[PDB]
Structures are given as structure tokens and as C-alpha cells.
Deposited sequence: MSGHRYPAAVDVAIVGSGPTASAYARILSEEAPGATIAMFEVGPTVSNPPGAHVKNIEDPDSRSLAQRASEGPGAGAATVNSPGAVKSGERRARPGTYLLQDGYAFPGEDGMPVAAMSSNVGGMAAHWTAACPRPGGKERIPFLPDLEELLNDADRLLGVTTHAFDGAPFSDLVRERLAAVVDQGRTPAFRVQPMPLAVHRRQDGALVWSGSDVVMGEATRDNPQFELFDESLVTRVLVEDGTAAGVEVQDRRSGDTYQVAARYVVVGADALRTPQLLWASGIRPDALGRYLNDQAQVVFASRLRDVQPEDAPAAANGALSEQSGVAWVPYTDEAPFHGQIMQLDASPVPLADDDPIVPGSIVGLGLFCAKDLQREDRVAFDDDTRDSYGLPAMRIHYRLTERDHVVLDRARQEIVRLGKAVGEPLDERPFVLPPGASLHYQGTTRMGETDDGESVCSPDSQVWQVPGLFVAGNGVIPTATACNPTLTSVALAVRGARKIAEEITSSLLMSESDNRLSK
């Protein structure tokens, strides 16, 4: 079913992995590419967003097909599934609501498209071209800030918030329309790989293909072992490069099972603590758009105010005090529904995490009162894992120091040719939506590969 060898093997079909296919497809048009996705194809084109399926019955089945092994408070959103066990532990908080997606497009086939920029200490210092890669991350995702201009309440919502937020802040950190990847139509991975990949003769996308191991020969990326999930037979596909973009949890799971077990892999896992709140405007689906209250080092929260349109939703996301004991561990002795080392989350909020969390509750209420009439009296704190923004599992670093898993170009240290993509590549304590940053990092690695493929003599 699969070829024998390719120039580049891509594990996963999320937005970051499809960015590698994108830049490679349009920058290295000659190389051969094999993208292997465990989950099925649930949209058209592959990776399209489910919200774009008109029929609400075709959309539900498209969602349950993405819930992987969970195809049968603590529950997951449609298109996602939770862990069987090992999420919470005694003496720790854990991520009871940490979810995943198994389908062509990844979670990019279910997200809400928010794509803000990092500010202050969110931005990655050792990247002097971050602003350039960020704009390319805009291009690939089809980001737009003017998706809700005619919207009647988007302007009023932004006005009331600015009166309570804009004091003393520079223009980049004032209230503004959230940059959205809205392609009335949502952007998935279908928009990232796009036509360049979809019309690339040397690119092939294999759903129902489980990558159970990254092959390495001579200490260098040698390929991948792919298990055809429709025949149960295990193949082996060679390649000069291997891109692993299977999300911040399963990516370290694949490397750990592959023998690539650096002491840093899976550690410094950080989740954005989410705080929900609602308010009712005072007056008389394009109706309100999305409002962005940027992050700042002095208020390490990220603010989303969306049209759910008199009633608006308020969510605040917290950057975390990164620690080593925040780690995704793996047990060889116990497999999971896919047959890989069962994972286990060691996650605990430090006192600094709570000092910020309760600050988010005080501030989201201030924002709720600024916009109008608060519904509930008290803001509700979502359990760890709800944000679905897991960073640091394969964090990036400027040099090798036992706490970075890859290089600034996403190239895993002890395994040349193996690149990692996704939220886990982020190393800094962030509060905004990472996907735009994850695509920016993925674009930097992809065009590092295209640089080497087209400049080599092989």
C-alpha cells in the first residue's frame, strides 16, 4: 500500500505537519513525501473543517470518527477523546480533560481558528526571524482580522473592553479583533497544505496508517515503521527526513517508543489554565466576531471574547510557571488502545500558578462587567487539559542543554534528520493560542529541509 522509500516522511496530518508538506511542496517540488495519519479521512478536501459539512448528520459522524478509541465534569468535545487512565495522580492535579484527535487534519479539523501573536515573554528569544515566520503562518492558515467587519456587535464589544484595557498599553497589546483562520467558513489542515500540496505529484497522504516507530540507522533518521490499519500489516518506509507532528502528547510517545529517550522529552509540559465567564450586552454566524485582549508580562492571561448575539463568552488563558515535574511519562510495560507505551501525566499547579489563576478570575469578571451584564455570578475554572494547548513536550532550544529536545529548526538533537512539529515545540510560558506559533515554527523547519534537499547532491 505504501512506497518503499521517500525523501520525507511526515507523521501526522495536523496543521503543523501539513505546514511541512506545504513549504516542502512549494519550495522543494521534486522531493517525494509520504504523510501518514492514523485516523480516517473525515472531510473533503482531506483535513477540511467539520463545521463546513452542511448536513448535521454527516457532521456528527465526521466527528465521532475522529474520537479514535473513545468511539463508544470529565468529558471531551466532539472530534476529541480523553485518556483511559494516568491523567490524574495522588498529590498532583493532572490533565483529566486532556484530549486528542485521530483523523486527517488533526484538531485543525475541529478548532476555532483563533490565531493571536505572542507578546512579551511569550515570543521565543532565540528566533530573530519570528515575525517573518509568524506572517508565513498567517498565509498558510488564511488568517484574517476583518472577518466580522459588518458584524453589528463586534465593534461595540471591542469598544467597551478597550475602555477598561487600553490604558497605558501600546497598540499591539490593546483590544482588537482576534486574528482568525476563517476561510462563514473555517480553516483546517485542508487550507494549510492547500493546492500546492494537493496538486503536488510527489506528495501522498495515507490515512489509516499508524506510525509505531521512527527508524534510525547510524544515529540518523532512517525512516518510519507504518502499520496499515486496514490490513493490520506492518511496513517500513525509508527516508532521509522524518517529521513527527502528532501533537504534544503522542509525539513524545512515538519517540519514546522509538528509543529516542532524551531526559528532556515529555518534560516541562505546560497547559494554559482556562477561565470561562459570560456577560449580556446592553442594547437591542456573523454577529459579534471575536475580541482579543492581548497578553502582557504583567498580566499573563490571554483574553477571548466571542459571539458564542447579545450574549458574549469570555475565556482567559494563563501562561504557566514551567517546571520539570510537569511531564508526560511513558510505561513500556503497559500499552494503549493503539499499542504504544501507555502515557501518564505528571501535572501540578505551583503556588505561582494559583496566584495567576485567581488573578484570571478577578480580571475576567472585570472584563465581564465592562462589556455589560454578567450572567453567572462566579467565573468557572476549567480542569487542566481543557485548553487543548499543550506546550513543551518536545520544547525547542538554542543549544543542547538537557532541557531542550530539538533545535531552533525543530531538529531533534541526538537524531539528525528527525524533526518535531506541533505545540510541544514551544519552550516559553505562553497564554495565547499556540497553533499560529506552531505553524510558524513548522515553517522554519520545513524550509530548513527544503534548503538541504535542494542543495545536496543526492
Which parts of the deposited sequence have no C-alpha atoms in the model? 1-4, 77-89, 201-206, 308-320, 345-359, 510-519
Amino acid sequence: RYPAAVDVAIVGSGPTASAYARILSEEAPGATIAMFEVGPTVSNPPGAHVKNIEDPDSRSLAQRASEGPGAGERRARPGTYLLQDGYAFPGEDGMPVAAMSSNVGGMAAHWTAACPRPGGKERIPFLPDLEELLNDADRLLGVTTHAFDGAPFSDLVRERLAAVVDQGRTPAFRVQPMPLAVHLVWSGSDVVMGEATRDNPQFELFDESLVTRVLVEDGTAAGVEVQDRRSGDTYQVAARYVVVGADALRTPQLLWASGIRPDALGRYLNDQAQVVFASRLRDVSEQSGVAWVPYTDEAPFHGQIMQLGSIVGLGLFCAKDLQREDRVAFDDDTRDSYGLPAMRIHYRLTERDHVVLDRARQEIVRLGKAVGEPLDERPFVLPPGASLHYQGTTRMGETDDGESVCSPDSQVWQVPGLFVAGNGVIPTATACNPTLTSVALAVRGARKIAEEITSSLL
From here on, numbers count along this sequence of modelled residues.
Of 337-345 vs 98-106, the stretch with the larger average CA B-factor in the entry is 337-345
Mean B factor on CA atoms, stretches 427-435 and 403-411, record says higher is 403-411
Tell me, please, which of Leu388, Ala246, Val185, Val242 has the highest C-alpha B factor according to the deposited entry? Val185
Of the options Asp207, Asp85, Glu204, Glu225, which has the highest CA B factor as deposited? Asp85
CA B-factor placement of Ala48, once the chain's modelled residues are sorted into thirds: lowest
Sort the modelled residues of this chain by their C-alpha B factor and say whether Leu61 lands in the lowest, middle or highest third. highest
Among modelled residues of the same chain, the CA temperature factor third for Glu159: highest
Determine, from the deposited record, the chain-internal third of the Cα B-factor for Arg378: lowest, middle or highest. highest
Mind checking which third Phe89 falls in for C-alpha B-factor across the chain? highest
